[PDB]
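Enquirer: Provided herewith is a single structure, encoded as structure tokens, for subsequent inquiry.
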2 protein chains.
Amino acid sequence: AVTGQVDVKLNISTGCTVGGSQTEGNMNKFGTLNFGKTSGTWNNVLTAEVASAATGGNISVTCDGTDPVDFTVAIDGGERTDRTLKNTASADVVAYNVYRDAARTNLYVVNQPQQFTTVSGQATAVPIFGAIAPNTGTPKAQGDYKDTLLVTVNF
Amino acid sequence: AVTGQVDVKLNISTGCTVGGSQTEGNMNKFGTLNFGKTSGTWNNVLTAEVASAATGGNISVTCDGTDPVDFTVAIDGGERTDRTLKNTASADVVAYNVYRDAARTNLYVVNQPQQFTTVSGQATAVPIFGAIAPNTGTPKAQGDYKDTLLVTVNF
């Protein structure tokens with residue numbers, strides 16, 4: 001019998017809120033990274049942007065304050081922690097990655113707070129740009145591949 | 001004068017130990033559930049994970065032996081027994097809950113042994129995922145809200 005304590009805390013004072021999300025039960029549904037349909041072996045880098053579940057556009061984070069606030073954005077490694085989509089039935093995997101800039105260069109490194117700014121009376125967008133490498137080796141099995149990345153807007 | 005007996009017992013043989021805790025005086029400090037800063041009325045479900053007081057990551061329970069032991073985890077209802085954080089100065093309360101899975105579905109029911117597995121030469125993590133409902137009604141007073149959940153790793 002090892003009984004222990006867990007201090008719970010919350011500082012209600014002046015915070016920042018994330019728009020574009022829908023409450024899926026008790027977990028915020030931020031959006032979808034829909035690469036679309038594809039064949040077994042694709043030569044072009046498959047690329048799609050996150051579509052917020054609430055509006056359809058990009059996640060719009062706004063801060064409830066007057067002065068500028070510097071908030072951070074961190075995305076985790078997905079269900080299996082290595083950013084791989086898994087086929088619903090078979091065990092095939094599809095490696096992918098999420099970048100922050102339009103040219104697939106600034107990668108949202110696993111469990112890292114990619115910095116962000118937010119200004120007076122405005123909603124800043126959180127671009128989560130997906131990208132998949134060209135698979136020109138083995139044709140992955142037919143079906144639907146999925147993953148649930150947990151995006152962590154933290155301060 | 002009602003004098004009575006209390007039998008004390010301890011079976012020293014082959015037990016299981018919880019890592020990630022720090023001994024706060026004579027009580028094991030397991031960790032912190034830090035939801036962060038927030039405004040009076042938040043529309044998004046505030047959500048944070050427990051951070052072990054010893055390492056900063058998740059509580060890592062390991063057992064001492066060779067056969068996989070099945071240990072249980074039970075969390076209580078907090079200081080007031082209804083999972084509410086209380087403002088340090090005023091009497092305002094903030095209802096919350098702790099779940100076991102990443103999607104806020106498998107709730108750690110009050111005083112219930114949520115089952116767990118553990119194999120030899122490995123440490124299993126105890127995910128205590130916090131979650132707070134969207135308060136879009138009354139703005140709670142400014143300040144710090146706290147609670148001390150007692151996590152009970154028992155066999």
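Letters for chains follow the order of the structure tokens (A, B, ...), residue numbers begin at 1 for each chain, and ligand numbers begin at 1 in the order shown.
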For chain B, report every residue with an atom at most 8 Å from chain A (counting only C-alpha atoms), formatted as a VMD selection string.
Expert: chain B and resid 17 to 18 21 27 to 40 42 to 45 50 85 103 to 105 131 133 140 to 155
Enquirer: Which polymer residues have any atom within 12 Å of an atom of residue 124 in chain A, counting only C-alpha atoms, with same-chain residues fewer than 3 positions away left out, as a PyMOL selection string?
Expert: chain A and resi 16-20+58-63+68-73+116-121+127
Enquirer: Hey, which of A:95, A:53, A:89, A:48 ends up closest to residue 128 in chain A? Count only C-alpha atoms.
Expert: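 Of A:95, A:53, A:89, A:48, the one nearest residue 128 in chain A, counting only C-alpha atoms, is A:48.
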Enquirer: Write out as an NGL selection string the residues lying within 6 Å of residue 98 in chain B, counting only C-alpha atoms and excluding same-chain residues fewer than 6 positions away.
Expert: :B and (108 or 129-130)
Enquirer: Which residues in range 34-141 of chain B does DSSP call strand (DSSP E)? List them as a PyMOL selection string.
Expert: chain B and resi 34-38+50-52+59-63+69-75+84-87+93-95+97-99+114-118+123-126+129-131
Enquirer: Give me the residues within 7 Å of residue 110 in chain B as a list in words, counting only C-alpha atoms and dropping any in the same chain fewer than 2 places off.
Expert: residues 75, 76, 77, 108 and 112 of chain B
Enquirer: Identify which of the residues B:46, B:111, B:138, B:67 lies closest to residue 92 in chain B, counting only C-alpha atoms when measuring atom-to-atom distances.
Expert: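 Between B:46, B:111, B:138, B:67, the residue approaching residue 92 in chain B most closely is B:138.
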Enquirer: Kindly give the distance, in Å, that separates CA of residue 51 in chain B and CA of residue 97 in chain B, rounded to a single decimal.
Expert: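 About the pair CA of residue 51 in chain B and CA of residue 97 in chain B: they are 15.9 Å apart.
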Enquirer: Do you have the CA of residue 107 in chain B-CA of residue 90 in chain B distance handy?
Expert: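 Straight-line distance from CA of residue 107 in chain B to CA of residue 90 in chain B works out to 28.8 Å.
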